[PDB]
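Asks: structure for the following, please:
(chains A, B and C)
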Amino acid sequence: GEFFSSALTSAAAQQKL
Amino acid sequence: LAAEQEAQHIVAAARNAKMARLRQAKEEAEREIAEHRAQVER
Amino acid sequence: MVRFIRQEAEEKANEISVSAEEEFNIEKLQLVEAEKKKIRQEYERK
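Replies: Numbers count the residues shown, from 1 in each chain, chains lettered A, B, ... in the order given. This is the structure:
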């Protein structure tokens, strides 16, 4: 839950998944 | 993300496109049979 | 990259849709050929 925002940012930056 | 969002729309619309295309194809196909029947009736 | 693979999967779904549409068109042509055969059948009967 804490790292959900960071994961969303990382998915947006790096990138049926 | 872009990957998650993009795939959903086309996959969702694929079934509707297939259904519409099948219905249309049957629509003009039945026209040929109707025309043959009309020629036979004449 | 990942978005490309997701779009490829979506395009595969769309290609399945298009193949289904083509198969349905062929099936409709066969069905109306059968309908013409039936029409000729009861027409010759009449």
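Asks: use CA for all of it now, contacts and neighbours both
Replies: OK.
Asks: which residue ranges of the chain form helices?
Replies: You didn't pick a chain, so chain A it is. Here chain A has its helices, by DSSP state H, at A:4-14.
Asks: oops, I was thinking of chain C
Replies: C:2-45.
Asks: now it against chain A: closest residue?
Replies: In chain C, the residue that lies nearest chain A is residue C:6 (4.8 Å; CA to the nearest CA).
Asks: around chain A, pick out the residues from chain B.
Replies: Proximity of chain B to chain A is confined to B:1, B:2, B:3, B:4, B:7, B:8 under the rule CA under 8 Å from any CA of the partner chain.
Asks: quick one: buried ones out of these?
Replies: Buried by 16 or more other CA atoms under 10 Å in any protein chain shown: B:1, B:3, B:4, B:7, out of the residues of chain B next to chain A.
Asks: and which of those is nearest to residue A:7?
Replies: Nearest to residue A:7 out of these is residue B:1 (CA to CA; 10.1 Å).
Asks: re earlier: and which of the buried ones among the residues of chain B next to chain A is nearest to chain C?
Replies: Within these, the smallest distance to chain C is 3.8 Å, found for residue B:3 (CA to the nearest CA).
Asks: and the helix or strand containing the closest one, anywhere near chain C?
Replies: Of the helices and strands defined by DSSP states H and E, residue B:3 is found in helix B:2-41. Yes - Helix B:2-41 lies within reach of chain C by CA under 8 Å from any CA, at B:2-4, B:6-11, B:14-15, B:17-19, B:21-22, B:25-26, B:29-30, B:32-33, B:36-37, B:40.
Asks: show me what contacts the residue lying farthest from the centre of chain A?
Replies: Each residue of chain A has a distance to the centre, and by CA atoms, centre = their mean the biggest one is for residue A:16: 15.0 Å. Contact analysis of residue A:16 by CA atoms under 8 Å, 6 or more residues apart in numbering or on different chains lists B:3, B:4, B:7, B:8, C:5, C:6, C:9, C:10.
Asks: at 7 Å instead, please
Replies: Applying CA atoms under 7 Å, 6 or more residues apart in numbering or on different chains, we find residue A:16 in contact with B:3, B:4, B:7, C:6, C:9.
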